[PDB]
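In the form deposited without the named molecule, a lone chain appears below as structure tokens.
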């Protein structure tokens, strides 16, 4: 049965949500979208409720709305955002116009724990173990996060971790310009558009994250794209002929060859005092040639995580059809597709 909704103005927009959800107040800072924290009286959980802004204004927006909902409906893993609820005040497709998504209230992200608290090597094991576990699941559904950084990683007081915010509304050229965390964790091949990328790009982001937990400092805080490439190549060495061949972007390949050849540095001298096993993993994550990176599944078996590795408890995802991605539909067609996904939503099992 359809619940009763109540209406309230919450920062310039009218939120219409089911009565179960009480005590809504704006959260983040406008940084996650229109997000409210709330109390869910049916489950006793503190939740974040996102109302999607103008979800069907264009074909791009309609498809994006469909994308996000699809993705969040699929994800059922301890180390990944799960969809608690999705709803609309609309009793029909004709009145359908707003989508609302509900997940667990985050509270703290990984910047908060790196900036404000001090991390033992065993915290870094556990934190990275969990990112890689959720990544194994995601990548097994041929999903690519593309935007892993500390700020879309939720951590609770027990240092338990979720991957959130698949970053779905891709970034503006301007958001990616200058001295910004939005670019510091990106694999070189996407930052500079060297080749058709793939899921190996997230492993690079993991390396950057792991180095910063170990050191307390950003691995490659470039003042811009080029300055950041320089930081990267200084640590990792300039590419060889093998990696150059793979760079499809003739222009990008011609630029790299302008640079003076540099050898890969000794990570034991970069990460002084670090656990040798941490250093060894880092060397295998932070590989310029992405074909040669350690995968999430290979990385879970790495000796650094022996404390936590259980191969009978590192699950894969059900198959994820994203054939819709290469599909050209009109606004109303995406919109109806979305509406059906709202209507078919089944809540997660109760404990």
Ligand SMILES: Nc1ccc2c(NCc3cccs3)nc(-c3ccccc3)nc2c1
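Note that the rigid core is defined as the largest set of C-alphas that superpose within 1.5 Å between two forms. Numbering follows the first chain given and starts at 1.
Below: the form solved in complex with the named molecule, not depicted.
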Seen with the named molecule overlaid from its pose in the entry with it bound, and using a 2.4 Å cut-off to backbone or C-beta atoms, this pocket is blocked
Of 313, 321, 291, 318, the only residue with a heavy atom within 4.5 Å of the named molecule in the entry with it bound is 291
None of 213, 247, 274, 281 but one has a heavy atom within 4.5 Å of the named molecule in the entry with it bound; the exception is 247
Looking in the entry with it bound, any heavy atom of residue 98 within 4.5 Å of the named molecule? no
Check your understanding: Do residue 185 and the named molecule share at least one heavy atom pair within 4.5 Å in the entry with it bound?
Key -> no
Check your understanding: With the partner left out of view, is residue 239 within 4.5 angstroms of the named molecule in the entry with it bound by any non-hydrogen atom?
Key -> yes
Is there a heavy atom of residue 206 lying 4.5 Å or less from a heavy atom of the named molecule in the entry with it bound? no
Given 185-193, 119-127, 88-96, 263-271, the stretch touching the named molecule in the entry with it bound at heavy atoms within 4.5 Å is 185-193
- request: Assess the spot marked by 243, 252 and 256: is the named molecule within 4.5 Å of a heavy atom from every one of these residues in the entry with it bound?
  value: yes
After a rigid core superposition between this form and the one not shown, the exception among 275, 156, 215, 249, its Cα shifting by 2 Å or more, is 249
### Task
Answer yes if the CA of residue 91 moves 2 Å or more between this form and the one not shown after aligning the rigid core, and no otherwise.
no
Per-residue C-alpha change between this form and the one not shown, residue 204, threshold 2 Å, rigid core fit
no
Exercise for review: Tell me, please, whether between this form and the one not shown the C-alpha of residue 71 is shifted by 2 Å or more, with the rigid core used for superposition.
Suggested key: no
